[PDB]
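What's in work.pdb: PDB, C-alpha atoms and all ligand atoms
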ATOM      1  CA  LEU T   1      13.168  -8.589  -6.493
ATOM      2  CA  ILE T   2      10.360  -9.309  -4.046
ATOM      3  CA  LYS T   3      10.410 -12.090  -1.455
ATOM      4  CA  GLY T   4       7.620 -13.412   0.728
ATOM      5  CA  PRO T   5       8.191 -15.942   3.548
ATOM      6  CA  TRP T   6      11.537 -15.777   5.345
ATOM      7  CA  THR T   7      13.930 -18.715   5.098
ATOM      8  CA  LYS T   8      16.099 -19.938   7.966
ATOM      9  CA  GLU T   9      19.137 -18.753   6.005
ATOM     10  CA  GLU T  10      17.741 -15.221   5.779
ATOM     11  CA  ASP T  11      16.918 -15.172   9.488
ATOM     12  CA  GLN T  12      20.476 -16.187  10.335
ATOM     13  CA  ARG T  13      21.915 -13.490   8.068
ATOM     14  CA  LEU T  14      19.604 -10.878   9.594
ATOM     15  CA  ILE T  15      20.808 -11.823  13.079
ATOM     16  CA  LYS T  16      24.415 -11.248  11.981
ATOM     17  CA  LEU T  17      23.582  -7.962  10.249
ATOM     18  CA  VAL T  18      21.814  -6.588  13.323
ATOM     19  CA  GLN T  19      24.851  -7.588  15.391
ATOM     20  CA  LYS T  20      27.034  -5.568  13.023
ATOM     21  CA  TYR T  21      24.845  -2.508  12.443
ATOM     22  CA  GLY T  22      22.438  -2.392  15.358
ATOM     23  CA  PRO T  23      18.590  -2.181  15.184
ATOM     24  CA  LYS T  24      18.292   1.289  13.626
ATOM     25  CA  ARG T  25      20.104   1.061  10.275
ATOM     26  CA  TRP T  26      17.433  -0.939   8.457
ATOM     27  CA  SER T  27      18.169   0.523   5.022
ATOM     28  CA  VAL T  28      21.834  -0.499   5.230
ATOM     29  CA  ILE T  29      20.903  -3.933   6.575
ATOM     30  CA  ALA T  30      18.405  -4.529   3.749
ATOM     31  CA  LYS T  31      21.078  -3.760   1.156
ATOM     32  CA  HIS T  32      22.680  -7.071   2.175
ATOM     33  CA  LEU T  33      19.481  -9.117   1.832
ATOM     34  CA  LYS T  34      18.327  -9.787  -1.727
ATOM     35  CA  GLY T  35      14.627  -9.076  -2.208
ATOM     36  CA  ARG T  36      14.115  -7.308   1.125
ATOM     37  CA  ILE T  37      13.460  -3.684   2.055
ATOM     38  CA  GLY T  38      14.253  -1.967   5.344
ATOM     39  CA  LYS T  39      10.789  -2.195   6.881
ATOM     40  CA  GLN T  40      10.610  -5.949   6.264
ATOM     41  CA  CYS T  41      13.868  -6.439   8.155
ATOM     42  CA  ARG T  42      12.650  -4.219  10.996
ATOM     43  CA  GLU T  43       9.428  -6.195  11.368
ATOM     44  CA  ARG T  44      11.129  -9.596  11.186
ATOM     45  CA  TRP T  45      13.486  -8.523  13.967
ATOM     46  CA  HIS T  46      10.892  -7.067  16.342
ATOM     47  CA  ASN T  47       8.117  -9.593  15.738
ATOM     48  CA  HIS T  48       9.994 -12.851  15.344
ATOM     49  CA  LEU T  49      13.717 -12.822  16.095
ATOM     50  CA  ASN T  50      13.872 -10.481  19.103
ATOM     51  CA  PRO T  51      10.351 -10.161  20.570
ATOM     52  CA  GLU T  52       9.640  -8.057  23.656
TER      53      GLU T  52
HETATM   54  N   LIG O 101      17.628  -5.561  -0.844
END

Produce structure tokens that represent the structure in this file.
Ligand SMILES: [N+]
Amino acid sequence: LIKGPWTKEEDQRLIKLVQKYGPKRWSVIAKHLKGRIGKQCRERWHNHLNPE
């Protein structure tokens, strides 16, 4: 499956997954998010949820 815009529910789940796995295991994190691949999770984290 392929998803486009992120929902608030997905963002919340991503926050919890990064807390569990850390910001380097993107492939494992993506396995828990339907329709998402590792790079999408990485970009959502660095650009929107945890900006510099
Ligand atoms: N996925």

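Closest approach to ligand LIG 101 (chain O) among T:36, T:10, T:1, T:22: T:36, based on all atoms listed in the file.
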
Practice task
List all protein, DNA and RNA residues that have any atom at most 9 Å from ligand LIG 101 (chain O), counting only C-alpha atoms and all ligand atoms, and write the list as a list in words.
Solution key: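 After applying the 9 Å limit, what remains is residues 1, 2, 27, 28, 29, 30, 31, 32, 33, 34, 35, 36, 37 and 38 of chain T.
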
Report as JSON the centre and the edge lengths, in Å to one decimal, of the axis-aligned box holding every listed atom of range 15-34 of chain T, padded by 4 Å on each side.
{"center_x": 22.2, "center_y": -5.3, "center_z": 6.8, "size_x": 17.6, "size_y": 21.1, "size_z": 25.1}

Problem - Among listed residues T:11, T:52, T:5, T:25, nearest residue 39 in chain T (using only C-alpha atoms) - result: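 Selected residue with least distance to residue 39 in chain T: T:25.
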
Practice task
Give me, please, the distance in Å between CA of residue 48 in chain T and CA of residue 17 in chain T, quoted to one decimal.
Solution key: 15.3 Å

Practice task
Considering only C-alpha atoms, return as a ChimeraX atom specification whatever protein or nucleic-acid residues lie within 12 Å of residue 8 in chain T, sequence-local ones (same chain, fewer than 5 positions apart) excluded.
Solution key: /T:13-15,44,48-49

Problem - Interatomic distance, CA of residue 42 in chain T to CA of residue 12 in chain T (Å, one decimal) - result: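 Separation of CA of residue 42 in chain T and CA of residue 12 in chain T: 14.3 Å.
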
Exercise for the section: Please measure the separation of CA of residue 50 in chain T and CA of residue 16 in chain T, giving the value in Å to one decimal. Expected result: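 CA of residue 16 in chain T lies at a distance of 12.7 Å from CA of residue 50 in chain T.
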
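Nearest-residue note for residue 4 in chain T: choosing from T:18, T:24, T:40, T:46, the minimum distance belongs to T:40, counting only C-alpha atoms.
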